[PDB]
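Reviewing the structure listed below.
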Amino acid sequence: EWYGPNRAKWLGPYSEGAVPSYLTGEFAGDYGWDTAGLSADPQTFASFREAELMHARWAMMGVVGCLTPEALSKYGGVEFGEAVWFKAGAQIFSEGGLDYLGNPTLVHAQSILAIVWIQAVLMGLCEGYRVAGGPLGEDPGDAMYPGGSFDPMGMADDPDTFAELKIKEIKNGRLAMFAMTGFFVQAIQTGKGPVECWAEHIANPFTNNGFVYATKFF
Amino acid sequence: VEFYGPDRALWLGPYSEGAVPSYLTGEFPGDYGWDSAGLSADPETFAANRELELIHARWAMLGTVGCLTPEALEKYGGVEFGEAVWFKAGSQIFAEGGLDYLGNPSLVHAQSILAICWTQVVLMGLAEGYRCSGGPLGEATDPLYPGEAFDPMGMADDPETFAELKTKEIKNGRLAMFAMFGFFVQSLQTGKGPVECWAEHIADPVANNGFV
Amino acid sequence: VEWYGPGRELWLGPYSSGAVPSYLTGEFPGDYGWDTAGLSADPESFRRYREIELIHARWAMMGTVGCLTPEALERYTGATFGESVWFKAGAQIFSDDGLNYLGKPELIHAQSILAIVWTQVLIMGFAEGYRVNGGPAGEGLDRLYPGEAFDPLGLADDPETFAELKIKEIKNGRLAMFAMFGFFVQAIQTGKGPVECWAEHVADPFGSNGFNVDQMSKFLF
Ligand code: CHL
Ligand code: CHL
Ligand SMILES: CC1=C[C@H](O)CC(C)(C)[C@H]1/C=C/C(C)=C/C=C/C(C)=C/C=C/C=C(C)/C=C/C=C(\CO)C(=O)CC1=C(C)C[C@@H](O)CC1(C)C
Ligand SMILES: CC1=C[C@H](O)CC(C)(C)[C@H]1/C=C/C(C)=C/C=C/C(C)=C/C=C/C=C(C)/C=C/C=C(\CO)C(=O)CC1=C(C)C[C@@H](O)CC1(C)C
Ligand SMILES: CC1=C[C@H](O)CC(C)(C)[C@H]1/C=C/C(C)=C/C=C/C(C)=C/C=C/C=C(C)/C=C/C=C(\CO)C(=O)CC1=C(C)C[C@@H](O)CC1(C)C
Ligand SMILES: CC1=C[C@H](O)CC(C)(C)[C@H]1/C=C/C(C)=C/C=C/C(C)=C/C=C/C=C(C)/C=C/C=C(\CO)C(=O)CC1=C(C)C[C@@H](O)CC1(C)C
């Protein structure tokens, strides 16, 4: 249903003729959606698949990282200095500092320069290991699905379940990317956090659509 | 022999040879040999780009006509619209009277943006699915030139005239795309409608221009 | 060698093995093996991108020099330009006296933006037509390294020195493109010239740095 000629395509019942010949339903999340022909070249196709999967995983991390602080502040009881994701970084420029979970005994960051440089070093090492191997492995996988050390629970030991989980991962990552773009556009237009916008919409949905701040494009 | 073949009209005139890529052999309409970024080297990517360009061209022609018509009708004709300006035309749905067609209170008289959007998405989704795969009005014989039900006047029954008309269509669509980019930039910069810009420029050209 | 072939220097150092595209074999200048997006997989698109990159590099080197020169001359010398800042230099044409070269009314002394625009479009149209086609300064020759009339000093005569000079040119051009992007971003965020930014930074490096409340409160204006 997710692989082969008889899979589920992007246009649904009207997919015949809209599926490129090079999208044969071999890789995860192949709905046949390529209208610009950007992935016609197999090498470019592989590079775009790697970029898409990295973006998907980063967005799945990001949606949770943007919703958890605001949810905890609003619905829970935590008292973060800046709950919304798009002003969280500005908390580093505060008298108290960047206190984790509002606790001054946790993290208590005071210098943005040290933060950015240690992050640069650590992420440089991590991304070098990701594309060329390192302490956690010699990059046996396609650089997208290493396994061995990044699959400690052994959930991908069966090829059928592996393919099913890859479909689930790519679909969840695409949904998270869509939601992250929604987060960006909501922050740009309304200037409010995703949790606040969601709570406002559940209150009077017919009056707080996106068709209120339609003026002033970006 | 002028818009097709090896001795075409090219995008640099006399300085074109040595800048026309080898994969642009002048087989398709509007082949001036302008591929400097190599974005259409792959024939499948080239076909996708051609489809995108033609759809954009037709949409831009429609948009140019539909952006010029209301403002021209208000300024010259006399018809009073809620917002004749093309980039202000969306906002009248949020007004008190609503979006009344041609200003007349008995035409359309739209009162809900949500209904408009949720009907347009359905109608255009069906139309776009029929374009890709066929439907009531055809079987999607050609992704760009289906013909038949979309050529009722029968003006494409001669291959020579068909090629000439395809060249005319693609050139007019490229001109309309350029004009729509101009409309967007004028709206961002000047903040006033294209008809107002044209009238002001015709009034005093030596001062009312882009360098103000 | 060091810049060409399999044993060249790559874009990730030790962690580059396995991230180098198979079509990047270290044949062309500046081949560090950085094509993660796979945009240059097609050889035709590859050489188009090489041409675009080299032209951008040369334009960016010229632009970096021409953006740093006037502001540096105004602050660190007695030059009196009307607007030494690079992103406010175009606005002098709308002033009372127009563009005055080095601030002297007697040099160029532009008054009409119309003559400037036509003359520039005509001259650059001929220049680019000659670049892509050939003309008074050469008919054949390479599209990126014509030489002959454009290499009067004869520096590019030894093939090894030619390759090394091409490496130097592409690296300097990439550095200048990075610097020009930095100029754009500083102009958008800080609103002050690159020389002013450099002076403010070397004054108080830890205080007047890029991590500022107002300088980061907006993304691209
Ligand atoms: C048969 C009907 C059917 C139709 C019409 C579609 C149509 C679509 N599917 Mg879909 N699907 C359909 C059945 C199915 N799909 C799927 C599974 C999927 C998936 C997994 C995905 C899609 C996606 C898409 C979209 C891809 C094209 C696009 O981005 O358009 C959008 C482009 C437009 C121009 C439409 C915009 C209309 C809008 C009203 C414009 C108005 C704009 C603003 C109001 C104002 C303008 C702003 C100004 C200021 C700049 C498109 C909406 C993809 C997607 O969601 O990407 C976004 C995607 O990933 N479909 C399945 C299960 C197999 C179906 C089963 O029947
Ligand atoms: C072994 C370690 C090593 C590492 C990790 C790198 C890594 C890099 N080299 Mg490099 N090199 C390394 C050794 C060497 N290099 C080179 C020669 C070169 C060259 C010639 C070039 C590179 C480039 C690069 C960069 C290309 C990828 C990129 O653009 O990241 C950046 C992408 C990111 C996602 C970084 C994000 C982290 C950053 C902290 C974000 C900042 C946070 C902001 C506050 C948030 C922004 C706010 C919002 C609005 C977005 C990358 C930083 C290229 C480059 O400089 O392009 C820019 C380039 O041209 N390298 C040599 C000589 C042979 C090395 C020798 O050992
Ligand atoms: C298919 C197809 C075929 C056609 O032929 C052509 C085509 C149509 C083009 C093509 C389609 C392609 C399409 C649709 C393109 C869309 C791509 C998109 C939208 C990608 C989105 C990426 C989203 C990301 C990575 C978000 C990460 C967020 C982070 C980072 O982790 C944080 O939140 C980090 C964070 C957190 C967690 C807490 C906060 O406080 C602070 C910050 C730093 C913000
Ligand atoms: C068929 C089917 C069968 C299967 O069995 C299950 C299935 C697969 C699920 C199912 C599939 C269903 C499918 C594919 C249907 C597709 C749905 C679509 C196309 C919905 C699109 C809706 C569009 C909307 C609301 C646009 C609103 C824009 C706003 C408001 O916010 C702006 O203000 C615009 C705006 C402005 C004006 C200023 C800018 O700055 C910011 C922005 C936001 C761009
Ligand atoms: C060739 C080439 C080779 C090189 O190697 C690389 C290269 C250089 C990159 C490459 C060159 C490519 C180039 C130049 C790209 C240029 C692209 C451009 C500018 C496309 C423009 C498209 C514009 C469009 C569709 C406008 C549609 C308008 C509508 C919608 O129909 C309405 O008005 C609808 C409307 C109306 C009618 C009434 C209003 O009230 C409300 C609204 C909704 C706005
Ligand atoms: C490698 C790679 C592999 C992956 O797989 C995919 C990938 C990541 C995408 C890809 C990477 C590619 C990357 C990084 C792209 C980056 C591109 C950039 C930043 C290019 C920058 C260009 C900068 C230029 C030309 C500046 C010219 C300035 C002028 C004009 O000369 C003036 O100053 C002129 C001037 C002067 C001199 C005085 C002023 O007063 C007035 C003005 C007119 C402004």
>> So, in the range C:94-125, exactly how many residues are surrounded by 15 or more Cβ atoms within 10 Å (Cβ to Cβ), more than 23 Å from the chain's Cα centre (by Cα) and part of a helix (DSSP H, G or I)?
In response: 2
>> Among the residues in the range A:67-75, are any in the same structural domain as A:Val107 (by TED's automatic domain parsing), more than 9 Å from ligand 3 (Cβ to nearest atom), in a loop (DSSP other than H, G, I, E, B) and not acidic (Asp, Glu)?
In response: yes
> Inside the range C:157-186, can you point out the residues that are loosely packed, with under 15 Cβ neighbours inside 10 Å and aromatic (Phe, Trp, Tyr)?
Replying inline: C:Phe178, C:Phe181, C:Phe184
> Limited to the range A:119-144, what total is found for residues that are in a helix (DSSP H, G or I) and within 11 Å of chain C (Cβ to nearest Cβ)?
Replying inline: 9
> Among all residue pairs at least 6 apart or on different chains, which show Cβ distances below 7 Å where the first residue, located in the range C:176-195, is within 13 Å of ligand 2 (Cβ to nearest atom) and the second is assigned to a loop (DSSP other than H, G, I, E, B)?
Replying inline: C:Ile188/C:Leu220; C:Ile188/C:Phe221
> Counting just the residues of the range B:19-50 that are within 15 Å of C:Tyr49 (Cα to Cα) and among the polar types (S, T, N, Q), which one comes out surrounded by the fewest Cβ atoms within 10 Å (Cβ to Cβ)?
Replying inline: B:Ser36
>> For the range A:1-33, which positions are within 14 Å of another protein chain (Cβ to nearest Cβ), in a loop (DSSP other than H, G, I, E, B) and among the small types (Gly, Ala, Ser)?
In response: A:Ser15, A:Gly17, A:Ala18, A:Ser21, A:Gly32
> Under the condition of being at positive phi and surrounded by 13 or more Cβ atoms within 10 Å (Cβ to Cβ), which residue from the range B:103-127 is farthest from ligand 1 (Cβ to nearest atom)?
Replying inline: B:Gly103
> Counting only residues that are under 17 Å from B:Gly191 (Cβ atoms) and away from chain A (no Cβ under 14 Å), how many does the range B:87-108 have?
Replying inline: 0
> List the pairs whose first member sits in the range B:117-133 and is under 22 Å from B:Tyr145 (Cβ atoms), whose second member is surrounded by 14 or more Cβ atoms within 10 Å (Cβ to Cβ) and hydroxyl-bearing (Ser, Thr, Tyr), and whose Cβ atoms are under 7 Å apart, counting only residues at least 6 apart or on separate chains?
Replying inline: B:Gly129/A:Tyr14; B:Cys132/A:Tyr14; B:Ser133/A:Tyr14; B:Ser133/A:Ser15
>> Quick check on the range A:165-173. Is at least one of its residues assigned to a helix (DSSP H, G or I), farther than 30 Å from B:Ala115 by Cβ and without any contact (Cβ under 8 Å) to a residue 60 or more places away in the chain?
In response: yes
>> Residues to consider are A:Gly81, A:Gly77, A:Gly89, A:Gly141; find the one that is in contact with a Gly (Cβ under 7 Å, 6 or more places away or on another chain) and surrounded by fewer than 15 Cβ atoms within 10 Å (Cβ to Cβ).
In response: A:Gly141
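Here's the yes/no breakdown for (1) away from ligand 4 (no atom under 14 Å from the Cβ); (2) without any contact (Cβ under 8 Å) to a residue 40 or more places away in the chain; (3) closer than 24 Å to B:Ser187 by Cα; (4) in the same structural domain as A:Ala59 (by TED's automatic domain parsing):
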site: A:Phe183; (1), (2), (3), (4): no, no, no, yes
site: A:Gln186; (1), (2), (3), (4): no, yes, yes, yes
site: A:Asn208; (1), (2), (3), (4): no, yes, no, no
site: A:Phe211; (1), (2), (3), (4): no, yes, yes, no
site: A:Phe218; (1), (2), (3), (4): no, yes, yes, no
> Only one of A:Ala56, A:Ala51, A:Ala36, A:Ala40 is surrounded by 17 or more Cβ atoms within 10 Å (Cβ to Cβ) and either within 14 Å of chain C (Cβ to nearest Cβ) or within 16 Å of ligand 6 (Cβ to nearest atom) (or both); which?
Replying inline: A:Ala40
>> So in the range C:11-42, with the set limited to residues that are surrounded by fewer than 18 Cβ atoms within 10 Å (Cβ to Cβ) and not in a loop (DSSP other than H, G, I, E, B), which one is farthest from ligand 2 (Cβ to nearest atom)?
In response: C:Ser16
> If you check every pair at least six apart or on different chains, which have Cβ atoms under 9 Å apart with a residue in the range B:91-110 that is hydroxyl-bearing (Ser, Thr, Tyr) first and a residue that is part of a strand (DSSP E or B) second?
Replying inline: B:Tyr101/B:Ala110
> Taking interchain pairs and intrachain pairs at least six residues apart, which have beta carbon atoms under 9 angstrom, with the first residue in the range A:113-133 and of a type in the set (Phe, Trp, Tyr) and the second near ligand 2 (Cβ under 9 Å from one of its atoms)?
Replying inline: A:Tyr129/C:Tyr15
> Before we move on, is A:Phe178 away from ligand 5 (no atom under 16 Å from the Cβ), assigned to a helix (DSSP H, G or I) and either without any contact (Cβ under 8 Å) to a residue 24 or more places away in the chain or surrounded by 17 or more Cβ atoms within 10 Å (Cβ to Cβ) (or both)?
Replying inline: yes
> Does any residue of the range A:7-21 turn out to be in contact with a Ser or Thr (Cβ under 9 Å, 6 or more places away or on another chain), outside the structural domain of A:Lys87 (by TED's automatic domain parsing) and either closer than 24 Å to C:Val20 by Cβ or more than 16 Å from ligand 4 (Cβ to nearest atom) (or both)?
Replying inline: yes
> Are any residues in the range A:59-73 buried (at least 19 other Cβ atoms within 10 Å of the Cβ) and hydrophobic (A, V, I, L, M, F, W, C), and if so, which ones?
Replying inline: A:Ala59, A:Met60, A:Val63, A:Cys66
> Here are some residues: A:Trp10, A:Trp33, A:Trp85. Which one is farther than 30 Å from B:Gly138 by Cα and near ligand 3 (Cβ under 10 Å from one of its atoms)?
Replying inline: A:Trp85
> Within the range A:77-118, can you find the residues that are under 24 Å from the mean Cα position of the chain (by Cα) and away from chain C (no Cβ under 13 Å)?
Replying inline: A:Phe80, A:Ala83, A:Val84, A:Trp85, A:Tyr100, A:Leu101, A:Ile118
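Cβ: placed from backbone, ideal geometry, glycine included. Neighbour counts: every protein chain shown. Basis: the model, the stated rules and, where named, an outside source; no laboratory read-out is quoted.
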